Amino acid sequence: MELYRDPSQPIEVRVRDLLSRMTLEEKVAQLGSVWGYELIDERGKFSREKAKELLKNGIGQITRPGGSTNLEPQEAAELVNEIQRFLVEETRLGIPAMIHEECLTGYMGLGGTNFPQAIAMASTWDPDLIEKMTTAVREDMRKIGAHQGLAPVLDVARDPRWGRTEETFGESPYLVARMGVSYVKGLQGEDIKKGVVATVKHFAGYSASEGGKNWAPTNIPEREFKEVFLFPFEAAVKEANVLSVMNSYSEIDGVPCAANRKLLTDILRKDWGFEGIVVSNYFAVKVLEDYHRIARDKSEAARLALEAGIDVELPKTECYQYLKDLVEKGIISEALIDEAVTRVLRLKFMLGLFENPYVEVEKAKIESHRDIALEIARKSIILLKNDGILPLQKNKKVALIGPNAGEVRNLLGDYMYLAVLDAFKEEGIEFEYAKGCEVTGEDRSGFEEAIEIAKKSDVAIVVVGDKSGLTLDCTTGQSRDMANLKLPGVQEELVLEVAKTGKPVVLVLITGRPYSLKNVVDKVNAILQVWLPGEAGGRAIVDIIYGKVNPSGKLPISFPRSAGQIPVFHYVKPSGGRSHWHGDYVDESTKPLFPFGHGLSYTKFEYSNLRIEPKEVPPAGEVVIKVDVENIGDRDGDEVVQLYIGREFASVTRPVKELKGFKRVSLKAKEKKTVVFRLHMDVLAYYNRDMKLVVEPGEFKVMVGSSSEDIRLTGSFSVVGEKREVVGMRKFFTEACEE
Amino acid sequence: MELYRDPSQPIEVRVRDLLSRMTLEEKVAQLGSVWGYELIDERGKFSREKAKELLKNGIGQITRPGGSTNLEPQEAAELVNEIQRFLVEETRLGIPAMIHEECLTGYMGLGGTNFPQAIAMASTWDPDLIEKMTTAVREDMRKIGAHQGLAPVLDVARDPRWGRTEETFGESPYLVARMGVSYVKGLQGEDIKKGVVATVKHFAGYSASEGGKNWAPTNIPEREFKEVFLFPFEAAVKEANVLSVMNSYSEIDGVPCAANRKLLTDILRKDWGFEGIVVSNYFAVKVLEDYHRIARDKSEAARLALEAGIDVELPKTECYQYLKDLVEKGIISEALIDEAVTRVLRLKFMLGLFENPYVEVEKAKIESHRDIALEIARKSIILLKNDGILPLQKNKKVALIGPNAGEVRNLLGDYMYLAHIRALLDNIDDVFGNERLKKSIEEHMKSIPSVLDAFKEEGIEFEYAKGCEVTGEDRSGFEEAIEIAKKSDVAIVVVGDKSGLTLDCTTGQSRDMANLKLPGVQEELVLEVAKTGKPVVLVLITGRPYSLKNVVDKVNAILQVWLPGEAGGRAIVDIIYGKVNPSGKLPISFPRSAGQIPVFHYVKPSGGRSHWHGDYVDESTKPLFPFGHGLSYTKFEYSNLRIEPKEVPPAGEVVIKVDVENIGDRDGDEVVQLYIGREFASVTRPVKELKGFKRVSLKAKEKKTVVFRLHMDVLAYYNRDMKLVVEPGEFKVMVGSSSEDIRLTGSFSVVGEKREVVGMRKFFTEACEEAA
Amino acid sequence: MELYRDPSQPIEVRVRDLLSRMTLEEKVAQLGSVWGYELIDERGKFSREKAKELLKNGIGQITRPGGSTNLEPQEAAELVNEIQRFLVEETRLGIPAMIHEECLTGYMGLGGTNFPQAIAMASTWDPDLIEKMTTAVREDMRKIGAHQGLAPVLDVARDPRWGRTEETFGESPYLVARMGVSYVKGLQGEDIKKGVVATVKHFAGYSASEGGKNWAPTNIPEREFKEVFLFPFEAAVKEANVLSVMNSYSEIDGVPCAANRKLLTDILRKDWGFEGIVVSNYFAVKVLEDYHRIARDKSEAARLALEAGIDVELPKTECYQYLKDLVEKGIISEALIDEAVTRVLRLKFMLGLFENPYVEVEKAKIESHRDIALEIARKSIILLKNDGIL
Ligand SMILES: O[C@@H]1[C@@H](O)[C@H](O[C@@H]2CO[C@@H](O[C@@H]3CO[C@@H](O[C@@H]4CO[C@@H](O)[C@H](O)[C@H]4O)[C@H](O)[C@H]3O)[C@H](O)[C@H]2O)OC[C@H]1O
Ligand SMILES: O[C@@H]1[C@@H](O)[C@H](O[C@@H]2CO[C@@H](O[C@@H]3CO[C@@H](O[C@@H]4CO[C@@H](O)[C@H](O)[C@H]4O)[C@H](O)[C@H]3O)[C@H](O)[C@H]2O)OC[C@H]1O
Ligand SMILES: O[C@@H]1[C@@H](O)[C@H](O[C@@H]2CO[C@@H](O[C@@H]3CO[C@@H](O)[C@H](O)[C@H]3O)[C@H](O)[C@H]2O)OC[C@H]1O
């Protein structure tokens, strides 16, 4: 048999052999894609007639054979098998396709579990739980013959105007990077032939658009770019061996990311050693022409993207077919096509597709992971405020009010395929329900009814927030940016009208972004933040309200007092986070309403006995930080212990405090444990005036606490010795354990 | 005589001779400063006792001998002469001091005219008028023996939260640069021995702090930095030969500007050829330690600042005395001190101070420039909205309402002497441990014409109700205002800021406004007055854009009056009654709301919108009023666009002509604006960006031709490799009455090979008028 | 009077005023040159007929009015006075010429002392003696109305194959730099109105050609370049305030020095703060075309050299006349011409030429400096070996 067909040969040999056999047209075909829906008839069955046109010379990827066809799992699996058989048996070289789906919150297609949104995942501060989640997602995807998931989002969000905030892991490069590595590891596993390719997106800076506006310029200078925005992707590449990256739609400082070789090649491939495929953001090649206006035609767009280092044009071939013409006309070298094709073929071999591209349809029934979803929902909800009203007693009469109290659709996030009162009923609570108002618009005609049921109750539970998705009726999600951060519609007014009854008020926010709570916070008795929880949402909320679950989520993003305060974030430099010299704005504190890492409990945790050893370490040494934490209250609960590091008198300015470690710790009432952080000096490296990564001698401040503001214990150690340039591989994360 | 004393020798010879004679201590002394107030006794007279300690080895500068002493001009001149005589006659080498003052809106001291704020200056779009202004300021300053004015501000402002917005020339690097060059040219003149050193500030990026917060990081990437923030300073250095620069307090991306040699030396001196002195922002050296936490002590702060390229520590020696110790301990080379001292001595020779450091006290009486101030105020006020109510008829009974109708203090900006000095009053009042001044302030304040006075002089029948204060939540004055409105024909509601440095101020340095709502309950006052159903003219006397989304549709006309200083009242009333036809144009976009920030006219194709619904969920992405906006009591008709030639090579020139006719019934000035757009460059470019303008006077029914000469140098931008280029392709020409009100469009092409623009290149379009 | 004519005005004011009055043609003329021998008749006297063609719009420099004419000193002084009177009185703006001569081993013309070669100068290890020498050369040159001497050579020589070894101060960047500073200081003095502009050459690397062959590539890596070859020029610029630099004919690693903005502008002007004029090596602009083959015609050669930072084309205008055409055709900006013209006019003001461009012919008799020459010769000879015979 030909070498490329022989599984006893090393992949490099098979790749070289195959490439040597391919025509230019066949090469270019491997750099494009076709939609699943383009390959089916009106009953969702594979159409050989359509495949003969679209797959004649092979194809790089099939886009969303499940997500774009609305097929149930077994039918999607059958479609994918039929596509693969056509490629294997009815093309000249028989190269199989790679299949991709969205999977951020689970496989985005019929029959898959709708897990809580990414910002909820982050709020758990539980990396192992997220790895468990994506290990499940991996098996769901493989059942239908899907090889690649377009997740996770490693965009670092400090601008909650942006509609895609919900898809991020929040403001902290450390927490984003750590959750990202766990996410990737679960999807891919050790041998990708048994796993699913992860796709970190949107490389890079995409969460920092001008004015929080989708696709607008992300004008970030170099040190900030490296330390905040690139860092999570760097960790995914080097620690998690991520096998795909997708680019940002935005320009950075005049250069669209899809046309930026310095970004997609020089940083990603040359500096960091990425060996997988870069897939375009959907239509990102064409919009080099249409939107950014730097390419005069589809040929030029193709050339810019290929030179930049985009290997596969998604979601359908549009500009990359003109790569054939560009070679034939002597405008680009076929060697550059070969480089891209090599990357794509290698990954196809690594996935095992040339040995077996088929799945067993009888096994393609996707299993529910409602259990994992509920664990995330229960650990993600954040208790922002509680004057003692919560937990409630079951014998209290509840007035359940608001648009998000009754509305299952509004529990869903923007990449859940299908984009509470029931939970109260199941728990056996006596309540009356009033919608109060819609999520959007100005209609106040439901206020009187809500007020009247409040007046007759013991406690009003007001459930407000977003509708997430991509259409105009949505208040958050991709393309739905909110300038002024007010709760949508007249929901704020509803809360305040209910509060005016004098009844106790529990405010439940079911939202995708931070909202300004400045006008309600001091008028309500407790506040729960419930990031869009998907199919597990209702149960977790009621579990928390009644104390069956002790809330344990912590904010992964700061809650601004107002939009005019943006940005607020915990790791400001000494000059950040204040106005000099009066501290505050004329009209507003410079402090966020709720800080990063904030989250209360129905119990109290007491921290003691900080140990830092040794007190002096050299610039590639390690310190071990220990604290004791005791649950001194009356309820079992989890605490997320947080490690912040500060530095002064470096050669550049540094954060006053910045997250460098954390551990979720379970404590029974009156239980005490020791939490241990092992901190390698590599983890503290920062860029100096010359853009070198260094550790400089001096003092580092250690701050351990329950939030970025609720610091319990402080101390310090010193780095002693000559400045160190940190070269080559280095540690990214602290290790945490319990003793 | 020693060579340095001999005026027949070239300055370089005199400098080298002097430097060769100086001790290390004497050298370090030239890099520092003393406050004016440290050199006077209780009667405001020079104190030899204090001078013996502070000036014994000479000094670089005296900080604000007028501005910090509350001396009248002849007394300040006497002080300065006595300081110079002490230096000339009672120090070993007899080196005279340079004196600096604030002068942004005029010499900031007693007796100086209070001109309108810088943002008002920009709103005139009249560079020559600003040059006339600073030529007058030059003469005022020289009368008191001042050599350097700490102006202008070339910070480009796109974030109106920032309290220093009023000190800027707005959002456009083009307009800021062009106004800055005129400003500098007027202060300095041709021969600096007869002029005043200008000080461009705050180098660079200082108007782009995180969240609009004073001193917070200004994290700007390189092409934006060069094209937006550096550009006005580049023009000031290369076209206007500016002789001083002051640094930004902020860090850029981890590096404090006061410690950044890449900025204060490599860009400013090496790349651009700046030959003057860099003066520290006040206390900027020390706060490398105290604020940024990158210097461990005062010695290290001094070293970082000197290495970066700061020549003089202001406002008083604090860290730079330790440069002596650093040399003596072999930590720094004396050669690096010599480089700084050389710059300072050269400028002192160039100012003529070694030939004559004295002024004639009998001539030190500063003249009023109310005339120039009034021309600026009259050309600066912007008509943002007018449904036809303006101009008003003089027979209409007016209800004059609001805090800014009745308080002269609130006409003043943050670097006008009687506003700025309030901070000192606070600090004196805060002394709880171990007079004539508060009286001289009040009496000088009383001299300033009021808005009330202006209405009275114009002969209008009106009643006045304060309505509310600038700050706080007290609505107990609303009822009175509402009642006088109900009894009137028209309510003129005058609201806005109190500008300054203290907590009771709403704008100015250190007073940043997050949410851009009119201060206090002033918005509510406007809306309550409107609810009477009477016609409402809203007059904003402010230092920044405010959100007007909640009032714009509820009022009949809106006038923006950037803090106008002493000419304010007359100009406002002149405009309201049509004695002056408003002609100001916005130099900065007015956001709909704070959450929309930033909004600016020169967005890239992906800027200024949210894709793919265009708007935010809750808000338009368009500003409420765009850059260049400003209405008139007449109408201007644009015709006959000519663009020649249609194809030009990469260092060629195109000539753009338009005819503009005043087709209305009142004489008026129009500011004709030229915008250029470009696509299919190798980098993204603004869809439209200002590249030229001309204020043109037109009588009723008069037509003139406006001509723009546009060299391709002016269009240069930075490519992917950070080279300044002109690339072949098509440029769109858009000429109109604002950045949105484009009247005529066309295009020309650049033909030939891509050009790297090297060395000196043109910065500005030339604009003139011809007979139509 | 016009500001540029007024000696009470600062030079910067005079420069800006003059530049503002000049046509493009007059500007370009200040960036070129004419040979002395092109301006004389068969009897060695100034020719008004020849001047009317060659000087009609003014000129940057006259090349070697003594060195190229075989005139005795008083006759060369007369020639130079007649050239200057023509420029001052019979051109529109009356800008005087700068005159240059060779002077490495003394004024290179009849009547000047022949001092020992530069390598002999270095062999004295006596910087003050060399400063005494060039102080004398200064007075010789000023007597004939010469303003600039094309010396010293600061090329550091480690390859004795090269025929220009004798013109260098040898192999040591330290000794070359120290001798160079003294050389420059003697020629220029404190106030250049009373001195002669020195011209450090050949910037830079020119003594390190492939195989020791004249004009061949000088392929020197960056640290060596900075520490060995640039260092003496750096010292001349920063310590000695040298007012002219002349470029190397060679390429460095693919880039001819006459076309290298990174060298003649970014290092020399931006990094080091040089404020004088860069004068081309003779014919160096044209040979960007003829020899290096990187310019397709004289226009392109002119553009490359001007962009690189050459202010004056020597020894005669050849390519730089096309700078007029390049501006008129919109290929280069007139601002770039203005930058060069500014440098040239500033130096002409600093030399006092607008106050007095003439010399007294009765004083133009150059004195012998055999005494100084003998001290150098006596201190320069090296005893390499002596078994006792001497
Ligand atoms: O109320 C009291 C507070 O004021 C005081 O805090 C200090 C207030 O003054 C602050 O220093 C300021 C810093 O900014 C300087 O402005 C520059 C001056 O020169 C201008 O040309 C330039 O444009 C400006 O940027 C200003 O001169 C100086 O006074 C100081 O940092 C504060 O700490 O604390 C005590 C309270 O009672
Ligand atoms: O025998 C005849 C050959 O000479 C002739 O070839 C030309 C000879 O002259 C060459 O031009 C030289 C190039 O070097 C110049 O020297 C510089 C002058 O200024 C000094 O300050 C600087 O130090 C020197 O480097 C010299 O002036 C000039 O004459 C030319 O390139 C040759 O092609 O061909 C005809 C034969 O018959
Ligand atoms: O994370 C990836 C997303 O960034 C990506 O989203 C695409 C965004 O563009 C959408 O196209 C718009 C649809 O509406 C029209 O009116 C607009 O003109 C279009 O630009 C497209 O539908 C999205 O797929 O999708 C892939 C994700 O992994």
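In each ligand, atom 1 is the first atom listed, and ligand 1 is the first ligand listed. Each chain gets a letter, A, B and so on, in the order its sequence line appears, and its residues count up from 1.
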shortest atom 16 (O) of ligand 3-to-protein heavy-atom contact is with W612(B) CD1, 3.7 Å

Atom 28 (O) of ligand 3 has as its nearest protein heavy atom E102(A) OE2, 2.7 Å

Counting from 1, what ligand 3 atoms have a heavy atom of [X] closer than 4.0 Å?
X: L150(A); value: 28 (O)
X: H611(B); value: 20 (O)
X: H202(A); value: 1 (O), 2 (C), 4 (O)

### Query
For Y249(A), is the nearest heavy atom under 4.0 Å from an atom of ligand 3?
yes

Sub-4.0 Å heavy-atom approach of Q478(A) to ligand 3: yes

Those residues that, when tested against [X], pass ring pair (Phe, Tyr, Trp, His ring centres under 6.0 Å) (two or more places apart):
X: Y282(C); answer: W35(C), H100(C)
X: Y249(C); answer: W215(C)
X: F283(B); answer: none

Between [X] (side chain only) and [Y] (backbone N and O only), is there a donor and an acceptor less than 3.5 Å apart?
X: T218(C); Y: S250(C); result: no
X: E313(A); Y: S280(A); result: no
X: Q148(B); Y: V197(B); result: no

Original post:
Can a donor-acceptor pair be found between the side chains of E102(C) and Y107(C) at a distance below 3.5 Å?
Top reply: no

Quick one, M416(A) and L104(A) - any side-chain contact, counting heavy atoms below 4.5 Å? no

Which residue from [options] reaches closest to [atom] through any of its heavy atoms?
atom: atom 4 (O) of ligand 3; options: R164(A), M246(A), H100(A); value: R164(A)
atom: atom 22 (O) of ligand 3; options: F283(A), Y291(A), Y282(A); value: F283(A)
atom: atom 5 (C) of ligand 3; options: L314(A), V153(A), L104(A), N281(A); value: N281(A)

Q. Honestly, is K201(B) close enough over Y183(B), meaning NZ or CZ under 6.0 Å from the six-membered ring centre and within 45° of the axis?
A. no

Would the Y291(A) and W612(B) ring centres measure less than 6.0 Å apart? no

Checklist entry - Step by step, would you call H202(B) with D155(B) a side chain to side chain donor-acceptor pair (under 3.5 Å)? => result CA-CA 6 Å; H202(B) 309 84; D155(B) 306 327; 2.8 Å; yes

So for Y415(A) against ligand 3, with non-hydrogen atoms under 4.0 Å, the contacting part is side chain

Near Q509(B) (heavy-atom distance under 4.0 Å), the atoms of ligand 1 are 14 (O), 15 (C), 16 (O), 17 (C), 24 (C), 25 (O)

Lining ligand 2 at under 4.0 Å, by non-hydrogen atom distance, are residues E102(C), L150(C), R164(C), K201(C), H202(C), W215(C), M246(C), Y249(C), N281(C), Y282(C), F283(C)

Can you tell whether the side chains of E38(A) and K316(A) come within less than 4.0 Å, N to carboxylate O? yes

